[PDB]
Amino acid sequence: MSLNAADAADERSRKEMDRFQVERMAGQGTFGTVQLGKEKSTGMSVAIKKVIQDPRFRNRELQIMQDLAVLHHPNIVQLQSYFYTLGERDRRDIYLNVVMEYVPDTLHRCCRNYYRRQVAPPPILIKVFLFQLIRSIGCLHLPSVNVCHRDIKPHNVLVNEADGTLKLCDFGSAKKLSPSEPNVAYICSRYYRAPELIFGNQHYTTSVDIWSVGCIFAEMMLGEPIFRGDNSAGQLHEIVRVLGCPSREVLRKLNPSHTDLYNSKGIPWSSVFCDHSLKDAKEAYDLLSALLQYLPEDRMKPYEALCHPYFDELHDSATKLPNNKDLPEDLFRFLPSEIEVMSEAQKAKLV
């Protein structure tokens, strides 16, 4: 219940730890370990995450979480605390711990519960989740924030199915990018990696996140990842197999040397998803194609995508989640920093 003061690496950390009680383990994996706890002062459920930092790469979880904590964005986790603990199996190891609010599920697990029981997720849940995921990157990509997550995947998109809410987390791989400065192209889970990253480009933009989001939209409607390659070239083959071979000019723009594959005509979305009951499939598929453009600049930007006709029914107070609950109150609650950068047409539609 109490966190063990003896595991604090220092006084500051012992004092932060005393704010929280541990209820139980929530999940463990390659990233580290997430415990469900409570803030003792408010009762609030928290995720206490013990961060495992791969020394081959730059981990920016704490610094990016601190920059985002100023915004209070309804679709991004809010840092509550950070502190350092000694390792369980070897006390010479010290770990960063970040505390944020707890969200009960991942989008991966929520979708997998439907597919495993032979049901596709309800269309209105896919739609409300997508709206929120796009809003989360909208916020990250603002000029005032300039954060590229670079590892968006169903496993770090958090959801509460009961109230239709969604939050983005897991910012260890995130970075503010500049066209002047180079980056590591091998970031992101291979299945969600944009073509410019498959090509090993060291200069790339926040549009890599848009690709990842499109990939997730497809996976929510398919039940498995849409582009499943065994390697970088395998990944391009799978993309080209589904979307069709782009022109040589497009391939030359993406290939850094600017100077090689089957000429697939691509599969229509209708044959990929086989969902004849989806009443607005045409809109859904238009949106998907607008996110999954080969050239980064051609991809639909988040605030334009929020105004896409696929999302029209989210404006109707009569629209309900599958359990008959109202849509989340915060869907159309925008931050001043978001509103002040919108076009007049986007403000009219969304605010």
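Start at 1 and count along the sequence shown; that's the residue number.
Legend entry - Between neighbours residue 260 and residue 259, residues that the deposited sequence lists but the model omits: In the record, 1 to 3 residues between residue 259 and residue 260 lack coordinates.
Inset, instruction - Quick one: say whether 175 to 183 or 270 to 278 has the higher mean Cα B-factor in the deposited entry. - result: Per the deposited B-factors, the answer is 175 to 183.
Inset, instruction - Compare the mean C-alpha B-factor of 91 to 99 with that of 239 to 247 as given in the PDB entry, and name the stretch with the higher value. - result: Of 239 to 247 and 91 to 99, the stretch with the higher C-alpha B-factor average is 239 to 247.
Legend entry - Candidate set 310, 303, 31, 285 [ranked by C-alpha B-factor, highest]: The C-alpha B-factor peaks, among 310, 303, 31, 285, at 31.
Inset, instruction - Have a look at 75, 106, 255, 80 and flag the one whose Cα has the highest B-factor in the entry. - result: Among 75, 106, 255, 80, the PDB entry lists the largest C-alpha B-factor for 255.
Inset, instruction - Determine, from the deposited record, the chain-internal third of the Cα B-factor for residue 298: lowest, middle or highest. - result: For residue 298, the deposited C-alpha B-factor lands in the middle third.
Inset, instruction - Check where residue 121 lands among this chain's C-alpha B-factors and tell me if it's the lowest, middle or highest third. - result: Residue 121: CA B-factor falls in the middle third of its chain.
Legend entry - Record-listed C-alpha B factor of residue 234: chain third: Highest third - that is where residue 234 ends up once the chain's C-alpha B-factors are sorted.
Inset, instruction - Name the third of the chain's ranked CA B-factors that contains residue 35, choosing lowest, middle or highest. - result: Bottom third by C-alpha B-factor.
Legend entry - Among modelled residues of the same chain, the CA temperature factor third for residue 211: Lowest third.
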